[PDB]
> 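I have a structure I would like to understand better, so I am pasting it below and will then ask my questions one at a time.
Note that ligands are numbered from 1 as they come in the structure, with each ligand's atoms numbered from 1 the same way. Proteins come first, then strands; the chains are lettered A, B, ... in the order of their sequence lines, and each starts at number 1.
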Amino acid sequence: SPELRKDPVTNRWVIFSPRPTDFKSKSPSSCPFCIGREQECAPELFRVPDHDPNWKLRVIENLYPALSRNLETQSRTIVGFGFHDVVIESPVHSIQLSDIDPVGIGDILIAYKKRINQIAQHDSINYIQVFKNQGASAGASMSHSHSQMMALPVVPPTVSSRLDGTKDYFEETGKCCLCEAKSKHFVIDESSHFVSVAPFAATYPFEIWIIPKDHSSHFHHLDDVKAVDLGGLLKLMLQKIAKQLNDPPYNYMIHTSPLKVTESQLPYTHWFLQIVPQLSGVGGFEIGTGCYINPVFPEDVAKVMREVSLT
Amino acid sequence: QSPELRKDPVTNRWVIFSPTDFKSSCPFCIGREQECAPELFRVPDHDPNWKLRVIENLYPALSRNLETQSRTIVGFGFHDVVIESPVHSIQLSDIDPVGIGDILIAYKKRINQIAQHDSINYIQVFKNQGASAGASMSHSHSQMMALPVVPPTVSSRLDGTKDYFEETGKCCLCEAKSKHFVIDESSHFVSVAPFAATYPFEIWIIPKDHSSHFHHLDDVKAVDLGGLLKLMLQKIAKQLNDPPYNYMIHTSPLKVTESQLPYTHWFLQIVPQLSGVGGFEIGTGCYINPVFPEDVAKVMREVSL
Ligand SMILES: *P(=O)(O)OC[C@H]1O[C@@H](n2cnc3c(N)ncnc32)[C@H](O)[C@@H]1O
Ligand SMILES: *P(=O)(O)OC[C@H]1O[C@@H](n2cnc3c(N)ncnc32)[C@H](O)[C@@H]1O
Ligand SMILES: [Zn+2]
Ligand SMILES: [Zn+2]
Ligand SMILES: [Zn+2]
Ligand SMILES: [Zn+2]
């Protein structure tokens, strides 16, 4: 039977309206991002290893940026100042992120952190969205493995909503709701520093959140040990998704603190990584209301995903 | 042109603008009624020769059987289907303004039935046309979903329009002619490309009178709206090569307070389906719109039918 559920992190109701194990995907050899072709890319910010011609990753400016870094002094309407960068995740054209080894994924995570720390030097930036698209229908335009970073001059709606809901919950219980993840959501897998779950009031079917076990407000406070540990758990979730759902397109999104987060917000602000496989679309109900309809309960997603074997 | 962020009290969120070239028998058929979930009413009333029918959805997202039961709440609600034509190949926009009016008056009838239930707080009337816009059936139809809660866009709209009214003493949709980019105008309605439109070629149809509730619509305004809706849908079809689309009626919460009425003003939103989203939108709840509403209005004002 259908149910509405709410969670402080989304701060909204979702409708659950249902077999879970019957859910499946319904979806060049070179390119400018390939090693050797660097002059065909927008300006480089840095690579790993540093200035090594034999690079493992590169962070570059987006050639078609959504926001303009040249509008900084200019700052109903505000100017479209921001940063839009691309993280090229492999020198090799055909390797997908989930095929990269945990240490290599750790290096990407650490590169997000290095770049965030660079952007955080600009007072005009209020939030940085790190995200990945895999698959045309999940918004990828390039087949080569990569992810993107968009730095914004405003705190966007999800972040505002999250701050509001987590604050209300903290005032109500004295607790950070993500510190309570193992009792509040449905655990899937656990690594040394992170736990993956099917979110109690998940927006999307087979949505998974990977959540630091320690209270951590900022993604970019990640260290190298946590990075490789997170890399391994991210890899695992992506490979279980790819097996269970027949390699669907997907997106992942890092949800982190605003750059000007206040001391008072710290106790209930806890970063996490959201993975959303693309399984279904929306129509007029969701557009009209901002309420989603999820056909699979998280109880059931967790059961399924815990039983996934990769051998 | 140069990117820009824009906000509107109605959405109460920033959108990033970052830029004429933009482009895209069954069980509901007259003679197949026993094959549907229970009929609620039809038009003409009890006429075997129906022009529209309002039925229960066969696969409802919320359960009408959970009313007595009501971080979790029971999935009580009403999920209904409005069948807009007895004829299988007719699209909504092909219907004459009066017939579209009838459909709008039927939405009104059904809202007033639903509003008799204290457990309902908001009713979303919406249409999907085309598989990729969420349609599962090609016969012309729209839907209504009655909810036990006020959903996020409605809460956001109430907040944003409240803020604006507190700062200006004005209802922002009452000023639509000076705030938004006018496309067409009827006797009681105006259609605009919204200043801070979420989606490329989004169009709002706004009542010119300050009207808080859709369902206070009368017969004259229904036919007037019908003709303007038809005009926008036909212009969209022609300019954008008949894309799939959605429309959504934005209206007041059923338990709206007196103090909310001065800045609460219903409207109808039309979204041609032209593009999709990626991790930026999912992560932030901020959209990126490739066409300024200035350019949309200019293109749309020139469409010849
Ligand atoms: P994914 O498909 O999520 O995003 C790809 C982004 O890469 C940008 N882009 C395309 N081509 C180039 C070059 N040559 N250099 C730098 N950036 C590039 C697109 O604008 C996408 O946003
Ligand atoms: P559109 O494609 O937006 O939505 C169609 C809705 O109609 C419901 N439905 C399908 N078939 C039937 C019957 N035989 N009776 C009543 N309702 C029906 C689908 O569940 C869609 O919600
Ligand atoms: Zn390549
Ligand atoms: Zn915490
Ligand atoms: Zn039919
Ligand atoms: Zn008004």
> Check this for me - ligand 1, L63(A), N or O atoms closer than 3.5 angstrom, yes or no?
yes
> Looking only at N, O or S atoms in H270(A), which is nearest to the Zn ion (ligand 4)?
ND1
> For ligand 1, which atoms, with element, lie under 4.0 Å from some heavy atom of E61(A)?
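Heavy-atom distances to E61(A) below 4.0 Å select 16 (C).
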> Pair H122(A), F83(A) - check ring pair (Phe, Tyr, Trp, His ring centres under 6.0 Å), show working.
CA-CA 10 Å; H122(A) 302 253; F83(A) 297 104; 5.0 Å; yes
> Aromatic rings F201(B) and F22(B): how do their planes relate, parallel, tilted or perpendicular, breaks at 30° and 60°?
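Judged by the thresholds at 30° and 60°, the geometry between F201(B) and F22(B) is tilted.
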> Give the residue and atom name of whichever protein heavy atom lies nearest to atom 7 (O) of ligand 1, and the separation in Å to one decimal.
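So the nearest neighbour among protein heavy atoms is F33(A) CZ, 3.5 Å.
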> Find all atoms of ligand 1 within a distance of less than 4.0 Å from any non-hydrogen atom belonging to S141(A), and give their numbers and elements.
2 (O), 5 (C), 21 (C)
> Under 4.5 Å between any side-chain heavy atoms of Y287(B) and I16(B), yes or no?
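With C-beta onward as the side chain, the pair stays apart.
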> Please confirm whether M142(A) comes within less than 3.5 Å of ligand 1 when only nitrogen or oxygen atoms on both sides are compared.
yes
> According to the interplanar angle, ranging from 0 to 90°, do the rings of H141(B) and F28(B) count as parallel (below 30°), tilted (30 to 60°) or perpendicular (above 60°)?
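The arrangement is perpendicular - the two ring planes meet at more than 60°.
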> Check whether any heavy atom of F131(A) sits under 4.0 Å from an atom of ligand 1.
no
> Looking at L67(A) and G82(A), what are the two nearest heavy atoms and their distance?
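Smallest heavy-atom distance, with atoms named: CB-N, 3.5 Å.
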> Hey, would you say the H218(A) and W271(A) ring centroids sit under 6.0 Å apart?
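No.
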> Give the name of the N/O/S atom in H215(A) that lies closest to the Zn ion (ligand 4).
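Relative to the Zn ion (ligand 4), the closest nitrogen, oxygen or sulfur of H215(A) carries the name ND1.
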> Any idea which atoms of ligand 1 are less than 4.0 Å away from a heavy-atom of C41(A)?
14 (N), 15 (N)
> Answer yes or no: does an N/O atom from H146(A) fall short of 3.5 Å to an N/O atom of ligand 1?
yes
> How are the rings of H93(A) and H144(A) set to each other: parallel, tilted or perpendicular (split at 30° and 60°)?
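Answer is perpendicular, since the angle exceeds 60°.
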> If you have a sec, work out which protein heavy atom is nearest atom 15 (N) of ligand 1 and how many Å separate them, to one decimal?
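Checked against all protein heavy atoms, atom 15 (N) of ligand 1 sits closest to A42(A) N, 3.3 Å.
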> Who's the nearest protein heavy-atom neighbour of atom 19 (C) of ligand 1, and how far?
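The answer is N62(A) OD1, 3.6 Å.
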> How large, to 10°, is the angle at the Zn ion (ligand 5) when you draw lines to ND1 on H88(B) and to ND1 on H139(B)?
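Roughly 90°, rounded to 10°.
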> Can a donor-acceptor pair be found between the side chains of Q273(B) and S132(B) at a distance below 3.5 Å?
yes
> Please state which part of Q148(A) comes within less than 4.0 Å of ligand 1, counting heavy atoms only: side chain, backbone, both or neither.
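For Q148(A), the contact with ligand 1 is made by the side chain alone.
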> Numbering the atoms of ligand 1 from 1, which are under 4.0 Å from a heavy atom of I60(A)?
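Reading through ligand 1 atom by atom, the close ones are 15 (N), 16 (C).
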> Does the ring pair (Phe, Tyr, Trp, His ring centres under 6.0 Å) test come out yes or no for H185(A) and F200(A), once each step is laid out?
CA-CA 5 Å; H185(A) 306 296; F200(A) 180 80; 7.3 Å; no
> Do you know the tightest heavy-atom contact between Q134(A) and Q96(A)?
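Taking every non-hydrogen atom into account, NE2-OE1, 3.1 Å.
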> How many angstroms lie between OG1 in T166(A) and NE2 in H270(A), if you round to the nearest 0.5 Å?
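Rounded to the nearest 0.5 Å, the OG1-NE2 separation comes to 11.0 Å.
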> Show which atoms of ligand 1 fall inside a sub-4.0 Å distance from at least one heavy-atom site of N133(A).
3 (O)
> As an exercise, identify every atom of ligand 1 less than 4.0 angstrom from a heavy atom of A140(A).
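Matching atoms, with element in brackets: 2 (O).
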> Can you tell me which residue and heavy atom of the protein come closest to atom 14 (N) of ligand 1, and the distance to 0.1 Å?
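Going atom by atom, the protein heavy atom closest to atom 14 (N) of ligand 1 ends up being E40(A) O, 2.9 Å.
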> Establish, for the pair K114(A) and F46(A), whether the NZ or CZ atom is under 6.0 angstrom from the six-membered ring centre and no further than 45 degrees off its axis.
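Ring-cation test returns yes.
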> Answer yes or no for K132(A): is there a heavy-atom contact with ligand 1 below 4.0 Å?
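No; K132(A) lies far enough from ligand 1 that no heavy-atom distance drops under 4.0 Å.
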